[PDB]
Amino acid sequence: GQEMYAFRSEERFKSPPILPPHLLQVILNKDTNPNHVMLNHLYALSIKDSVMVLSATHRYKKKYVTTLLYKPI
């Protein structure tokens, strides 16, 4: 009959994938106040005074809005 043996993938999913193909870890929007695949991704400011600021850019037809939600914790 003989016992059968298992060769197991291992690795690939040892360690999470590295971040940047083109996805930016930090966005600076000082500006004295055209990017690809950051659409639909959650962005945030550092928490301040028990308030979260969550943000994302979404597309409606050919228009893009960056929405910010200020939300107590």
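When you see a residue number, it is the position in the sequence shown, counting from 1. The term rigid core refers to the maximal set of C-alpha atoms that superpose within 1.5 Å between the two forms.
- Of 16-24 and 57-65, the stretch whose C-alpha atoms sit farther from the shown form in 5 other deposited structures of this protein, after fitting on the rigid core, is 16-24.
- In the comparison with other entries of the same protein, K48 is given coordinates in all of those covering both sides of it, so it never reaches the one-third threshold.
- In none of the other PDB entries of this protein that model the residues around it does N29 lack coordinates, well short of a third.
- A chain break between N33 and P34 is present, corresponding to 10 or more residues of the deposited sequence without coordinates.
- Look at the C-alpha B-factors of 19-27 and of 48-56. On average they run higher in 19-27.
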